[PDB]
Structures are given as C-alpha cells and as structure tokens.
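Q: Residue numbers (the entry's author numbering), protein chains in the order written: chain M, 157 to 208; chain F, 12 to 189, 200 to 484; chain E, 209 to 416; chain A, 21 to 558, 569 to 619. Quick reminder that beta carbons are idealized off the backbone N, C-alpha and C, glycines included. Here you go, one structure.
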Amino acid sequence: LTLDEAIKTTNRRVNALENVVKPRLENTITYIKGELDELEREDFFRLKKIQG
Amino acid sequence: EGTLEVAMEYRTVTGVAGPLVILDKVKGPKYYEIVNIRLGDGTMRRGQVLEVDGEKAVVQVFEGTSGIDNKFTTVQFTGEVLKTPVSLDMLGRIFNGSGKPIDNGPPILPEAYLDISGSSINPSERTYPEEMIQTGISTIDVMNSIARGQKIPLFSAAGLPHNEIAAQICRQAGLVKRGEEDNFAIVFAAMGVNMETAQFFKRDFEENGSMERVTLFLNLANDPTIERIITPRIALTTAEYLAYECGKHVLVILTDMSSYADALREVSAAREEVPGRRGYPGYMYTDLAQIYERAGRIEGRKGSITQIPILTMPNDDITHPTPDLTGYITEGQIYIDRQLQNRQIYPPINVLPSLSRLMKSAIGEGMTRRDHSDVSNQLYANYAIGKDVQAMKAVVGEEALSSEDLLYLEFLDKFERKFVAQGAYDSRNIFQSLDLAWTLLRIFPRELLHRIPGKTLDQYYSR
Amino acid sequence: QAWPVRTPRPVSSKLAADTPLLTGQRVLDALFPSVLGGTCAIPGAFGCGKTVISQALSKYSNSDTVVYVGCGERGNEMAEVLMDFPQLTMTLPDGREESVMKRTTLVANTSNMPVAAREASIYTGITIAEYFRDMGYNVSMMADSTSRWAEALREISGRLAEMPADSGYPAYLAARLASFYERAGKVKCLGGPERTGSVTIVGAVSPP
Amino acid sequence: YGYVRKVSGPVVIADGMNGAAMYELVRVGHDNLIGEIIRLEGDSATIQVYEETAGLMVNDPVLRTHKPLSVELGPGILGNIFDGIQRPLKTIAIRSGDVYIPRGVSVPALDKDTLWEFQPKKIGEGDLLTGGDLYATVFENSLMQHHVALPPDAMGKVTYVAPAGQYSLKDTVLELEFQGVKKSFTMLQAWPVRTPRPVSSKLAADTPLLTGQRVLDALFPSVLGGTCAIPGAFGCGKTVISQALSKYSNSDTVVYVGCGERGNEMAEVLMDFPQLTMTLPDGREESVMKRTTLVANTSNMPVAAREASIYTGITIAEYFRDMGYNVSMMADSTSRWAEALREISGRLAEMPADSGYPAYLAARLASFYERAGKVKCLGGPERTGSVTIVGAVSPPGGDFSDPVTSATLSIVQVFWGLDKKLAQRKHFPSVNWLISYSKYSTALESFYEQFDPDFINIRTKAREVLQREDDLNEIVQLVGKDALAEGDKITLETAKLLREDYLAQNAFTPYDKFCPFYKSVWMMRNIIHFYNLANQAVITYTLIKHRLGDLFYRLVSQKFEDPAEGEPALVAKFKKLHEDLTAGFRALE
C-alpha cells in the first residue's frame, strides 16, 4: 500500500507537475524577452529616428 | 497608341545602407517600379523602389548591395511593376526564383504579361469548393479531406518526412474520377530548399512521368533572401493563369513556408519596420493572406486552385507566429506528429489536431457514404478519450483502466496501428478504409457511442 | 440620405436593454445570456473557426436585421454566406416562408484586399446598423476578426512612425475601440412615432 | 587619398571617397588600420574598423584597396598559421620578434620571396586554355603536391608558358591573351571570402568519410562532401574527433577553423597539431602539418575577424577542392561565431530577432553550410573533389533550443551527438547512440551494398538491437532481469556486448587507435550473426550463457586484435571466429 501511494505521487510529480511548470517557465521567458525587450529596442529606435 | 519611351538611366545614386539603395534627383518616380541596377563592373541585378518621397527613391536591390559604387553604378527605371511572362507553354519546365529557365531551355515566349500580386476576386463572384480530391494517401482523404479549391497546409517539424509526403502526393495526384486535358496541373513552389532536396525533387518528378503537367519554381537557400519572397508570387500568378484563364485545375504546392516567413522577417528587419510577435513584421497576416488567400473557385470559370502549403514549426510549437497566423488564414490543418515518427510510421499523420474546415461540404451523397461524417467524428473524438485513458494509466497504473477505459486504450492502440499506417505507394480507397474505420469505432460497444446515432452506421453493412 | 461614417447617429435618449437575445444556442442563451442591445466578444483562438457561431447567430437570432461586416476574414466564408443565406429560409408569424438573405447585408472585405479599407469597413457597418436602428428595428451585427482592425492600425502607425504603445499598436487603440463599441444599446429614436430600436455588436477578437 | 571626418568608436566616417564601393576593405590612418565599408551616404563613406581605433587623428589619410574581404591563395597556404583576416601569425612573430601582434601589421599572407619548385604541364606556348585549367603543379613539400589551376574568370589562347625550374610568387609564371590585349598571371590568386568558388556541377555524395572510429564509421556514417554537427562543450571529444580526422580520415587535406574560443584552448590545440603525426599506407612517416592549414581567431581578436574566420576557412577549403582534392573543414565553435555576429549586429543596431540574434543568422548559417558537397571541378583535365564541414555546436547547458542549435540541426544532415553522460561513465568514443543519426545512409547505401550487401542488413539489425536496448533497460528497471525471457536475455546480453566491445573504442590503446572499415564490418558480422544464431534457438539462457564462454571471449577479442596483421589476416581470423561461434551455437542446439 505504501509503495503504491509513493509511486502514484512520484508519477504525478514527474508527469503532471514538472511538465506543467516548464511550459509556464517557457511562456514567462517568451513574454518578457520576446515582447518587452523587443519593444524597448523599438521604442528607442523610434526615438533615435525622431532625433535624426 | 501612345508613343513608347525608352527608360531613363540614372547615375545619381547618393546613398547605400543595408539592402536599401538611395537615389536623388529622380524625375517622376513610380511606386514599386522595377529597377535593374548595373554596377560599375557591368554585372546587373534587379530591384524594387520601396519608398518614394519627393524626388528621392529608396530602392531595395535583390542580389545584395555589395559592389555598388556611389559614382559608377547606373539605375534604369522601367516604369512598370514586376510582371511575370506567363504562358501555357510554361508547363513541364523548371524556373529559378525570379523565373529564369534553368532546364537548358529557351526562355518563355509570353502569351501575356501578367502582374504579380493580382487583385482579389470579388467575393460576390467567389464560389464554394464542392468536390473531393484523390491525392493517393488514405488518412488525409478519409478524415479531414481536401476539396477541389480548398487551401490546407501540412504541419510538420524539421527532419520529418513531409517532403517525401509532398512528393508522393504530387506524383499520385489525381481527380476522384467518379478529363486528362483539364486534369491536375501542379505548380510546385520551393522556397528555401536544400540542394539535395532540390535534386531529389527534380529526380522524383522526372521519374513519375508527370513532367508534362508539373511546373517547378525552385529557389535554393543559396539564392538571395529577397528573391525568395517573389517566388510564391510568381508561382501563384502562373497558377492563376493556368486555372482561371486556361481552365485546368491547379494544385499549388509550396514547401518550407517557414523559410518564406524567415525571408519576410529578414526583409522587415532590414527596413526596420514595426515588429509583431517573435520579431516578425506586423503585417505578416496580410502577406500570408496575399499568398494563401487565392485558392478557390470562381463562378464564371471552370478552373479551380487548390492550395497545399507545407509549414514547419520551428521549435515544434503550434504557438509560433507563422503556424498560428497560417491556421488563422488557411482554413484547416493536416498535422504530422514526431511522436508517431518515433513509432516508425511512414506517414506520421496525427489526426487529433487535424481538421478540414471545408470537409462539411466535401462530404455528402454525390461521393463517399452517408455515414462519413459520423464515423469521422467518432474516430476524431474517441482518440482524445483514448489519450486521456493512456495518461490516467501512466499516472495511476494499469489497474486504473476499467472495463470502459481499457476499451478506449485498445481503440487507441488499434487506431495508431492499422488505420493510420499505410504503404509508401498505397492508394487505399475510401470505402475499403472506411470499413476498417467502422471496425475501429465498433471496438467500443455499439451502445456506449454517445455522439453518433446507431442508425447512421447501421444503414451501412459489414461484409 | 447621407451621414459621416465616424459621427454616431443622433438619438433622443439611450435606455437600458431588457430583452434577451434568443440565439438558439443552449450555451449562449442558458448560462451566459446576451441582451438585445448589449455588446459581446468572442475570442475564438486559431483553429476554432469562431465564425460558425457568428453565422448561426445571424441565421437564427430574433434580431430584425443582421449586418455581417466581417473584416479581414477569409473570402470562402463570404462565398458560403452568399451561397447559403438565400437557399436557407426562416418563417415569420404571418405564416409565410421567406429567406434570411432578404434582411442581411455584407460590408465585408477579405484579407487579400487592401489593408487601409478595414477601418472603413468597420465604421460603415456600424453606421448602416445605426441607420437601421433609427428605423426602429432590433438590428444587430457581428464583426468577424476585429483584431485585424488592429493590424490595420499598426501597419499605418508604423508608416507614420508614431510612438508604439504596446506590441506595436498605437496608444489610441483602446480609445478607438471603445468609441466603436459604445454605439450599441436600446434607444428611443428621434421623432415620432416612438421607435425603440436597438443594435448589438457581437465582435470577434483573434489573439496571437 | 581620403581623410577621416568622424571617429565614434569602431564607426568611422571618411570624406572624399565618391568612387568607393560597398563592402570594400580599406586602410585607415597612418597605422594602416583595416576596416570594411558599410554605408556610402553622400560623397562620404562609412567604415567600421576591426582593430581598436583609439588614437586616430582627423584628416589622417585613408587608402582604398579596390577589393572586398579577400584571401590570397596559392603555394605555401598549407602548414602555416593564419588569423581571421588572413594574417600569417608565424611570419609576423618572426619578423616583429616580439610576441604581441602589432596594431597595423602589413605582412603579406604568404611569403612572396620564398622559392618553390615549379614545372608546367605538357601545354604548348600557343594552345588554348580557359578558367580552371590545370596548367602546372608544384611540390610545395613532400607528399603534398600542389596543382596550379588557372584562375576562374580568366581565359584565352596561350602566349607564354614558364619552363620548369625554381621560381617565386612574384615571378610572372604565365601570360596569355584572350583578345588582342594580353594578361600575365602569377602563382597567387585572390578571391573574396563571401563569394563562393565557381563550380561546374554539384555531384551526389557517394563515398563515406572513414574517420577511423567504428562508432562514426558504421553506426552513423558520414559521406564525403557532407555537413556534420557535434555538440562539443566538454569531454575533449571535439579534440579527439579532430585528431582522428587529421590523422586517419580519407581527406587529402584538413583546414581547422577556430573562432572566438578560449585563448589557452587554441594554444593547446595549435601545440597539439604539430605533435600529431600520421604514418603513410606505404610505410612512410609524415607530419600532419604538411597537409594541415589552421585558421585560429581567439577572443582577443577583433570581432569582425572572428566572424570572417569561418568564411576564410571555407574559401580555403574550396580552393583546395578546386584541384580535386578531398578536404575537410572543422569549425571549432559555431556558437562563438554566432555570438560574434550578434555583437556585430548590436554594433549596427539591427532589429533584434529571436533570443537577440539578428534575423539573418539562420540564413547566413545556411548559406555557409550549403558550400559543402562533392563537386565536379571547373576546367580540364576532368577530376572531382569534395568539401565536407564537421562544424561543431555548443548549445547552452545542452538545451538544443537556441536558434544557432536549431538552425544547425535543420541544415546539417548528420549529427553525431557527443554525450557528457558517456564521458562520465568513461566512454572513449562518447557518441550517444540514442540521439545520433545519419540522414545520408540512404544515399550511401549504394556503396554500403557494393562493399557488402549484408552490411546494410547488419546495420538495420544493430539499430533494432539498440532500440530494444532501452526497452530492456526499463524492463530491468521496473521488474528486473528475472522477467526477461531467454530470447529477451540473449538480446540484452548481445546489446551489452555490442555497447562494451564494438560500439565503444579504446583510442589510447595501440590496437584500437584506428579501426579500419574492414575490421568494423567483420566485427559487426561476428556480433549480429552470433546474436541471431543464439536467438532462433529459443534453449535456456543460462545454459547457452555457460556454453558460449569461449564464443563470448572470441566476440570480445574480435575488437582487441591490432591492425598490424592487416586486412587479409584479421578478416580471416574474424571469419574463423564467426564460423566457430556458428558451429558452437548450432551443434549444441
């Protein structure tokens, strides 16, 4: 019984929890770098264009 | 007729930066006028005038700005937008990215010069696709079928056999036959393909003997990145001439649409335009529309343009901007799974994300069977339940599959084993495959089936 | 008549809407109802083909008139609409048999059509519905892919080199979209008799 | 003629250059600082100077070169050491005496005063010749004969042929006239790095790259003129494979290209190559440097030179292939090259793309990699060479998701996949069989069957055994070896024997330093045939295991045999061992 419970918990952690978190980390990385960093350069580039 | 004029040759080139060549003192420029630039060395390359302001002109050269001298290069303004000399004789030949004949053959004698990026069809005159297609592969035809005029791409990550699938479809392409002059003529765009893939395409097409009805627009990765953007335009313009202006149905194929997306990204980053998601241009939706949104059937003409693009998820992610916008525009998806490839299945078509938004009209009584829709819906829906059962078995154990869940698991196993798999040259007919599809649906009890009514399949009979 | 396309049609006094929109769908009219005069919005991410709900609502709504003004949508949907609305039919309380195409107009421009015309599409649609409302009817619309009229905004803001606000969209995007959506609602019209027509904005926003 | 006007860090603006051309290299200042032209706005130019621009003076002269970034080819290209911008490090060190690289060195790429033995072909003084014709060959050194190809984009009837003798590059070895005008050609050819070398036809690769390692030769073969990828960051596997390629590979030449790596690492590798020596099949002993060229650009080198080193190396490889030699390039760190490109893009303020790399990174990597392949030569006499790239990759933390890694995996046909886990487990080959693949096996099958029609079937069976190895792995993991059947136990034992006896090499040991394809094929046959013959007998696994001890020892020793006995003796021994194993498996059944 104890081994069954522990194996269920371990399998759930391996399959559900970690594979739930890692996409969340990837989406958070993409949202910050893929958008905010790109916008910051674009904003500054447009400002430099205005100055020129 | 209005008297002709020789194009003015300028030498006032007064600035080069990136891929953009600046000019000054231009006398009466024209937007998107094609200009061929002759360098001081004498070599010539083409280019378009992107922005026209005052008497200036910001030209985007094609073969690259390298070798352009601000006091020895000459630019000639033809005064006309880019035009592809389409002709009926163009069939059975191979052309470069811009259209240079590369089959050691004489150039095209144009029946009519036609401008690329032709105007849209008045949607009042637009009609609806109403006929199925016999490509020669079972799983695409049986479920998420393709209509004669329907656009639908292939989603397949890098390294997958999607090129082989495209070649097999093109070689085995044909009408349902339920005629040869109007039979499928295939325009085969090739944006950013490898040299080995190019030789493979040429040899495979020459081997099937259907060179008489197939046109190759090859554009290697060695060719300039901007020249890849005009390859789909030229291919679709030639397809438009063949279909609407000559009659024969055209099955347009474009490989590596992700390469076209990369070309768009490079060109946009060159001019420093407003970036959408993942740094792609903010107008990529409109460009992918102007590429894709030409498949269809026009009312007054008997032609039909069927579109079968081939995308490639970069990180094997459906959320990437290119496949996402495509799925927004492309009216359906035929999906290819790497996981099924790991199981050594030659046509790794995963049917769970694959749906044809026009299948509801391709099916009917004129073709197929009256139980097509319900059987397709069941083999589409029970796969998800089988996947859920597999996940539950993985996270709990083999004992979790009850008298009902184990049935779903067996359904999934047999569905992945027999139904999806097919021969590398097997032309599996619909009814012979639909019998096995019915058997797969009948693995589950004939009363637990919720969505399908029993009578629909009961009209059909086994053996 | 004639009317500026950006200036809203004048009215007597807007008033609260208290009549449900009988869409004929279980989910739309049972759990998450909509009122005849309210504003809706369907995200419908890629691959969902949200326009099926749009077409069903236009076919089977209790609204007297429908203005399907799909902007940036695929032409095949417009072909489907033009092909099926006449051959499809509905019945009225008088007992006669008639088509739904007798009351549906399309101001739609496809995605391959020029970009700048999309804002004009949206505004012409809303003004035509406003006119049909001032007639007194319970007119409604549904603008397919209003998010395309944000690509239309930014593809112009880029040429003007306006300062990007968020993801490239200009700053006034929310302001303009509110100015569009805020034209719905039941209202006593101008002049007698006491018409009390409404208008419904069932928008569709496609997210990346 | 030409003076600077604005010097803002690397960027330099020079007036009075109306005739300048885009991407034309230029000499800046008295110190002869070298930089490339970027924008030609107005009558002025714009130059980014590679070396540090500190100390430039306004109105200091700027001297044009009328040539893009180019490399001077010809005799003496082999053996030496060159920087990213084609600067001979050895001769610079000798001339300047000191160790530091002078800021503004002007030493020519190859010594134009040294003498080389020259002899023309049988061509006549009034014959006709065209671009790519091989009119002479030169003994640059022993056993590395150098053909002298008439440069492309040059043709005409022969006017003068230099008779055989001692000559230098400054001598006018050839003169000819196409039209009434006549041109005289020396032994030095200049070619821009960006422009590829002219080709007649891109052939289909039809000969494997015998690296001398069994795992690469048989499990995941690579073909001449084919791309290759290595995830090399630790374990010295990149050094091991580079040494194997230099010493035993079929290539007649090797061109190592190192960009932007650790300086001491390049010191170690550039001191390792001279120590490396290879014996000739004729029994002669040579030095690998006599056929090796090295282009090393450390991190201290200017970023533009770091980006240009790869193109310099690939152009050198193409020039070598122009005379039909089989040459292999080795990009030390493509990740460093991509980082250098990123730094250059950031300098140019180009719009950032995915993960910060410029949007053309994938396109430029594909353009570079597309130059590899077996190609028919240009001009007569008829011959064919090849250029194969074995450029490695350094993914961050091993995550094959960075754009460099993704593009490389999308372009490269064959990926060998060194694994740090095997290195931790003391694996000399360190090649992970679970991730490596060879997409060129379908094209190579012609030669594979011509050599041995059963070899391809053996390879397929070995792939199936490897696939079942992990299956048996989790089988033992979950229930143990007890639940394995006799056939399953035999399959597991054979997979373990293959992994620990043939799929792994011993490198350092003299007997397993080089693995001939003959020995590899016989070992694979003696393993797979024995595996089957034991398999169909299911017989108790314990009984056959007890009675196959001699057969197991023979199978293990089938790789312990040194190549001294040669192919005829080792093949006979392996055949006898296989026959004995078959007899023992069949008679005892």
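Hey, would you say residue 161 of chain F sits closer than 8 Å to residue 140 of chain F, going by beta carbons?
A: A contact, by the Cβ cut-off of 8 Å.
Q: How many Å lie between residue 546 of chain A and residue 588 of chain A at the Cα?
A: When rounded, the distance between both Cα atoms is 8 Å.
Q: Taking the continuous beta strand (DSSP E) assigned at residue 453 of chain A, which residues delimit it?
A: Run containing residue 453 of chain A: none; DSSP gives neither H nor E here.
Q: With a threshold of 7 Å, establish whether the CB of residue 146 of chain A neighbours any heavy atom of the ligand MG.
A: The ligand MG is not part of this structure, which contains no ligands at all.
Q: Please go through the same chain and pick out, in chain order, the residues whose beta-carbon is closer than 7 Å to the beta-carbon of residue 425 of chain A, but skip the five residues on each side of it.
A: Excluding sequence neighbours, residue 425 of chain A sits near 413 and 415.
Q: Kindly indicate which three-state DSSP category residue 535 of chain A falls into: helix, strand or coil?
A: Correct three-state label for residue 535 of chain A: coil.
Q: Suppose the cutoff is 6 Å on Cβ atoms and the five residues either side in sequence are ignored; what does the same chain contact list for residue 49 of chain F look like?
A: Same-chain partners within the cutoff: 55 and 85.
Q: Could you tell me whether the Cβ atoms of residue 122 of chain F and residue 153 of chain F are closer together than 8 Å?
A: No, Cβ-Cβ distance for residue 122 of chain F and residue 153 of chain F is not below 8 Å.
Q: When DSSP labels each residue in this structure, what does residue 186 of chain F get in the three-state scheme?
A: Correct three-state label for residue 186 of chain F: strand.
Q: Flag this pair as yes or no: are the beta carbons of residue 407 of chain F and residue 427 of chain F separated by less than 8 Å?
A: Going by C-beta atoms, residue 407 of chain F is not nearer than 8 Å to residue 427 of chain F.
Q: By the criterion of Cβ-Cβ separation under 8 Å, what are the contact partners of residue 372 of chain A in chain M?
A: The contacting residues are 193, 194 and 197.
Q: Just to confirm the assignment: which complete alpha helix (DSSP H) runs, minimum length 4, are found wholly within the region 275-311 of chain A?
A: With a minimum length of 4 residues, the continuous alpha helix (DSSP H) runs that stay inside the region 275-311 of chain A are 283-295.
Q: Please state if the CB of residue 213 of chain A and the CB of residue 89 of chain A are separated by a distance shorter than 8 Å.
A: Result yes, Cβ atoms of residue 89 of chain A and residue 213 of chain A sit closer than 8 Å.
Q: Give me the Cβ distance between residue 106 of chain A and residue 462 of chain A, rounded to the nearest whole Å; I'm assuming they're in contact under 8 Å.
A: Not a contact, Cβ separation roughly 39 Å.
Q: Using a Cβ-Cβ cut-off of 6 Å (strictly less than) and excluding sequence neighbours within five positions of residue 161 of chain A, which residues of its own chain qualify?
A: Around residue 161 of chain A: 310.
Q: Does any CB atom of chain M fall closer than 8 Å to the CB of residue 375 of chain E?
A: Judged by the 8 Å Cβ criterion, residue 375 of chain E is in contact with chain M.
Q: Measure from the C-beta of residue 205 of chain M to each C-beta in chain E and report whether the shortest distance is under 8 Å.
A: Yes, because at least one Cβ of chain E sits closer than 8 Å to the Cβ of residue 205 of chain M.
Q: Please report how far the alpha carbon of residue 255 of chain A lies from the alpha carbon of residue 136 of chain A, in whole angstroms.
A: One C-alpha to the other measures close to 42 Å.
Q: Per DSSP, which residues does residue 96 of chain F bridge with? Please list them.
A: Answer is F:124, bridged to residue 96 of chain F.
Q: Is it true that the CB of residue 244 of chain E sits closer than 8 Å to the CB of residue 394 of chain E?
A: It is a contact, given that the beta carbons lie within the stated cut-off.
Q: With distances taken between CB atoms, is the gap from residue 92 of chain A to residue 130 of chain A smaller than 8 Å?
A: Yes.
Q: So, do the region 340-353 of chain F and the region 106-115 of chain F have three or more beta carbon pairs nearer to each other than 8 Å?
A: They do not touch, by the three-pair rule.
Q: Flag residue 190 of chain M as yes if its beta-carbon sits less than 8 Å from any beta-carbon of chain F, otherwise no.
A: So yes, residue 190 of chain M belongs to the interface.
Q: Please list, in chain order, the chain E residues whose beta carbon lies closer than 9 Å to that of residue 202 of chain M.
A: Near residue 202 of chain M (Cβ distances below 9 Å), the residues of chain E are 369, 370, 371 and 372.
Q: To which residues of the same chain is residue 439 of chain F closer than 8 Å at the C-beta, ignoring the five residues directly before and after it?
A: Same-chain partners within the cutoff: 457 and 461.
Q: Skipping 5 residues on each side, what residues in its chain have a beta carbon closer than 7 Å to that of residue 235 of chain A?
A: Contacts found: 449, 451, 523 and 525.
Q: Candidates F:164, F:51, F:21 and F:145: which alpha carbon is nearest residue 39 of chain F's?
A: Among F:164, F:51, F:21 and F:145, the Cα nearest to that of residue 39 of chain F is on F:21.
Q: How would you list, in chain order, the residues of chain F whose beta-carbon sits under 7 Å from the beta-carbon of residue 354 of chain E?
A: By Cβ distance, chain F contributes nothing, its closest Cβ being about 13 Å from residue 354 of chain E, past 7 Å.
Q: What residues from chain F crowd round residue 171 of chain M, counting only those whose CB sits closer than 7 Å?
A: By Cβ distance, chain F contributes 415 and 416.
Q: Can you name, in chain order, every residue of its own chain whose Cβ lies under 7 Å from the Cβ of residue 125 of chain F, other than the five neighbours on each side?
A: The answer, listed in chain order, is 94, 95, 97, 258 and 262.
Q: With a threshold of 8 Å between beta carbons, is residue 331 of chain A in contact with chain F?
A: Cβ-Cβ to chain F under 8 Å: no for residue 331 of chain A.
Q: Please state the DSSP three-state secondary structure of residue 209 of chain E.
A: Coil, per DSSP.
Q: Using C-beta distances below 7 Å, list every residue in its chain close to residue 296 of chain E, excluding the 5 sequence neighbours before and after it, in chain order.
A: 267, 307 and 308.
Q: In the DSSP assignment, what residue or residues form a beta bridge with residue 31 of chain F?
A: F:28 and F:71.
Q: For residue 352 of chain E, I'd like the list of residues in its chain whose CB is within less than 7 Å of its CB, leaving aside the five on either flank, ordered along the chain.
A: 259, 262, 278, 279, 281 and 412.
Q: Ordered along the chain, which non-local residues of its own chain (more than five positions away) have a Cβ less than 7 Å from that of residue 380 of chain F?
A: If we look at residue 380 of chain F and ignore the five residues flanking it on each side, its Cβ neighbours are 155 and 156.
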